[PDB]
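Read the single chain below, which is given as structure tokens and is the form deposited in one PDB entry.
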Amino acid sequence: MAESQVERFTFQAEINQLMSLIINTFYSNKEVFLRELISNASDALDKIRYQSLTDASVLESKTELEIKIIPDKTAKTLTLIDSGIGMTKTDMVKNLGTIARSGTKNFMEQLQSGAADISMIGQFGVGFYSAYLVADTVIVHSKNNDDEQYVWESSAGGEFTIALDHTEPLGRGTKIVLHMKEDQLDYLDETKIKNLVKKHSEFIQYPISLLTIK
């Protein structure tokens, strides 16, 4: 019998409102979700790479600096794995929903008015939540050199959980798994996702591997 300690957290009020707005509103073009996944991976890779310039030992946990993208139609998931800096448990708590972001209120105001559209979400410091444009549930597995591997999960509804993760060790970095909404499954089509990755990785300075499940 397996045992797991799970901790529940509540999203900061405006983040919760943003998630509701992202989930319960129609958006014609949701491609920004992929831009934001890749950008977060690139930022995490930069962070560990620059740390390695001043402390080479930080790469011992995983020498490669790369991104892997895995569309899986049977599972109805899109997965993106980076070997960036990773998040400790408290990093997840602080960065993935409990702490207010300066731009959340202003973004929602500009969405409501028409001053901004959904593609601009990254400019407002809340890009991560774009995953909920296309996914019902988001699962974030992460391993930072300073902590054990943890998994964050949320289907929105105002809460998320974090638990120790005993699934496939990452060595270092982050694996984000999007459980795709029925009406967004086209994003798992081989040519569609290949093109989207090309389009949204033009200036990315790390190798990307894109799988297709036969």
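Rigid core (definition): largest C-alpha set, two forms, superposition within 1.5 Å. In this text, residue numbers run from 1 along the sequence as written.
There is another form of the same protein, the form deposited in another entry; it is not shown, and what comes next is about it.
Large C-alpha shift between this form and the one not shown, rigid core held fixed: of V93, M108, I139, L80, this applies to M108 alone, with a displacement of 2 Å or more. Distance between the C-alpha atoms of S155 and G103: longer by at least 3 Å in the other entry than in the displayed form.
By 3 Å or more, the C-alpha separation between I15 and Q112 shrinks in the other entry relative to the form shown here.
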